[PDB]
Amino acid sequence: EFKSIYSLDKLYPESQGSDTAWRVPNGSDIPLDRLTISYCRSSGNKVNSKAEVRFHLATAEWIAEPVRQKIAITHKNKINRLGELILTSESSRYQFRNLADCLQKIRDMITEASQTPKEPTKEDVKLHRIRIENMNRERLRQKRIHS
Amino acid sequence: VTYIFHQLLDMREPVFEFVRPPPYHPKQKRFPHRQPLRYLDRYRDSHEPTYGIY
Amino acid sequence: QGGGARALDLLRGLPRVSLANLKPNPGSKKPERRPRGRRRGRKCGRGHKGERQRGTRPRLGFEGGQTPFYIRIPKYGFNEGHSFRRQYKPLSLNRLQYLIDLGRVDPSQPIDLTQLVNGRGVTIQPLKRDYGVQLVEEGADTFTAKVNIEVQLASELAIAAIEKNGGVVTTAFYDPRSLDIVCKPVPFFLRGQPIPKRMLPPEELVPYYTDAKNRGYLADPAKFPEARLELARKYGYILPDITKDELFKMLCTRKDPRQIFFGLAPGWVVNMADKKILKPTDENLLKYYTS
Amino acid sequence: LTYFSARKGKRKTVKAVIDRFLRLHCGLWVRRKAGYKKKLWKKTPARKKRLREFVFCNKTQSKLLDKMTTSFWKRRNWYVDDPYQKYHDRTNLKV
Amino acid sequence: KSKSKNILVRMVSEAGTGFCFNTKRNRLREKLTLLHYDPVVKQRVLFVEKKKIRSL
RNA sequence: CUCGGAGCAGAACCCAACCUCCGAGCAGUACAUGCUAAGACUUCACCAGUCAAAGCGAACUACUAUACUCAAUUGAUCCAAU
Ligand SMILES: [K+]
Ligand SMILES: [K+]
Ligand SMILES: [K+]
Ligand SMILES: [Mg+2]
Ligand SMILES: [Mg+2]
Ligand SMILES: [Mg+2]
Ligand SMILES: [Mg+2]
Ligand SMILES: [Mg+2]
């Protein structure tokens, strides 16, 4: 076997061994087994594909219980009747990237819930109109003449 | 309202979205004289690189 | 079957095919036009006077004196340095899977440029500043083959597709001379020159090939396990343990950074006529070829 | 144009063209606008933005530039990280 | 040609970004200090005249 | 000898003469006359020129505020200075 001065053994003497680069580190945040991953075609025909990841939020034990309860409130609009949190990404042609996007959303949800950020976010324009409309609804509220 | 659908009416809750008409573009021509380079992007379905036969 | 059999039994009853009864296929011999006769003579299609008929109209691009279109546009470096830009022939996973399914590339052995070229999978032009093949992600969803493949560039998604199926992908640099040799070895062996050493990447490319994220051939092997695990996590698949595979030894086979061909060392002379290999023993020569 | 060179008997490229125009493999030619670096102090923002655009040539100009350049300049190139890579191929073009 | 009234000057940002813009001013007035939008810092900052480009 | 307005050319566009008249080769105010982008106009080609929704960022709940007033108020490529 040919070995030159630029052999990986000579370049990286501490990293010698035929198995050095191929070992799987033993020491796992999102368990793929616990997720139901489906693939379909988004409007296809539209070029981009679609990947859907759904799991039962309450049963999931890989998410902390307090985190589970705060995600249910924040993302109540993504939880169906059966209690499964449904995420979907259709931004790519490749199922891999669509699944990677869905998995990153799960990681972002858990991060946001644990962060408990108290920073005051800038009010969206649609929310501003609702604030005025809610204020006037409270202003019409009355009290019983004889309580 | 979710409670009414899920519990009282025993059904899945219908969600709706306001969808706008797709944007108009004139028929694409082979030589778009004096149009900017981004003219071609107006008629592109995907943003990811394509390689054809290769 | 009204074609082959009807066209040959009908020939039995026709005169012998000879040099006296041949003709070109209709439409293959457009008539030639000559300036003779009323229709095509007289002014012969050249018009009347002017530069036109006399054959002295100005050069192409000249506009009669108005500052021409191709000059009045400002210069801009669209093509500046075009001849020094590195190029990489794309090889998609669809094409790679197609070649494997048809037996044109053998996944049981290491796949490099030589095997890709020998299977007529890709055409490389070193004289046109091609620096090798770039593995592109197209077809990743349906790519199933397990391969040990050596390319010059690879996309992150293409790497993930290779390693989800249990394969190994490495990015390897070839200088222009080395690339010509590795692509067409037989023409090189007929020159009677010692196998040259593969040059190192240019300084601007050293970061790429010393990074485990790109599976660079000069990267620290100890950093590959982490890089391989990151892609498995990002794209939602379980990194297979290739150490347990029966083809693990083959999957690990890699060229030395100075080696053009597997099993052949720099400074060896291939004698194809006698099917022998000549190895130099001079200490100075051995030092040159091993450094 | 030199249709047949004295040394090789081959067509030559007009290099003035190469210095000013980008040829996309689909046949289109891209150029800058004349005067886009001239007297900006007297030109309005809208006009200056128009002058910064990279624009396409028409059929006649494209035919002319094709004649003034040899085949080498029409080959498909695979430059690494080419900014114009996406524009080399047409999409959804009818007729 | 002979007539001469205004001049073109280069206004340089005081934010240290190096962003500059050209403006027209009267030749007989004092050097300009203006509040102008600087894209590098993405907010309006003070600009001070440095050099005369040409006579307008 | 280039540019604009009017008549000839009465009503979509276009329209000549060593035809008939009057002008232009700036000035003033801003200093977001910032960025970006659908769709269009076009002096009969090209070059050049013109108008713009939405969006970002501003301004803003007094400002016929959002592509400044203004008819023309102007000069390609190379090259030079930086
Ligand atoms: K004739
Ligand atoms: K005739
Ligand atoms: K150029
Ligand atoms: Mg005659
Ligand atoms: Mg005659
Ligand atoms: Mg004549
Ligand atoms: Mg026109
Ligand atoms: Mg707007």
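Chain letters run A, B, ... following the sequence lines, proteins first, then strands; residues in each count from 1.
Using a 4.0 Å heavy-atom distance criterion, E/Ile53 is classed as making no nucleic acid contact.
Every residue was checked against the salt bridge (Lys or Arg N to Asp or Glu O under 4.0 Å) condition with D/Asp82, not counting sequence neighbours, and none meets it. Evaluation of the salt bridge (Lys or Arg N to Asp or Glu O under 4.0 Å) rule for C/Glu32 yields no partner, not counting sequence neighbours. Judged as a salt bridge (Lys or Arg N to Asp or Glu O under 4.0 Å), and not counting sequence neighbours, the contacts of C/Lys75 are D/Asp19. The salt bridge (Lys or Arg N to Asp or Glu O under 4.0 Å) check on A/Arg137 picks up nothing, with sequence neighbours excluded. Contacts of C/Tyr208 classified as ring pair (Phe, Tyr, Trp, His ring centres under 6.0 Å), with partners at least two apart in sequence or in another chain: none. Here D/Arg20 pairs with nothing under the side-chain hydrogen bond (donor to acceptor under 3.5 Å, both in side chains) rule; sequence neighbours left out. In this view, C/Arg42 satisfies the side-chain hydrogen bond (donor to acceptor under 3.5 Å, both in side chains) rule with no residue, not counting sequence neighbours. Remark: E/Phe47 pairs with E/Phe21, E/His36 by the ring pair (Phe, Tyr, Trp, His ring centres under 6.0 Å) rule, at least two apart or across chains.
Of the residues in residues 123-140 of chain A, none lies under 4.0 Å from RNA chain F by heavy-atom distance.
For the residue pair B/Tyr51/C/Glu137, the side-chain donor-acceptor check at 3.5 Å is not satisfied. Under 3.5 Å, the side chains of A/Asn98 and A/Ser92 contain no donor-acceptor pair of N or O atoms.
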Reading nucleotides 77-82 of chain F from the 5' end, what letters show protein touch, with B for base, S for backbone sugar-phosphate only, - for no heavy atom under 4.0 Å? SS----

Quick tally for nucleotides 26-35 of chain F: nucleotides whose base has a protein heavy atom under 4.0 Å get B, sugar-phosphate-only ones S, the rest -, giving -SB-BBBSSS

Strictly under 4.0 angstrom, non-hydrogen atoms only: write out the protein contact profile of nucleotides 39-45 of chain F, one letter per nucleotide from the 5' end, B, S or -. SS----B

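Base stacking between strand neighbours F/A11 and F/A12 is absent under the criterion of six-membered ring centres closer than 5.5 Å and ring planes inclined by less than 30 degrees. Remark: F/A72 and F/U73 are not stacked on each other (six-membered ring centres under 5.5 Å, interplanar angle under 30° not both met).
When the side-chain nitrogen and oxygen atoms of B/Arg38 are compared with OP1 and OP2 of F/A38, one or more of them lie within a distance under 4.0 Å.
Here D/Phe21 and C/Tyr70 keep their ring centres 6.0 angstrom or further from each other.
The separation of F/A80 from F/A40, taken at their P atoms, amounts to 43 Å, rounded to a whole angstrom.
Using a cut-off of 4.0 Å between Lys/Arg side-chain N and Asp/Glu carboxylate O, A/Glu112 and A/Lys70 are scored as not salt-bridged.
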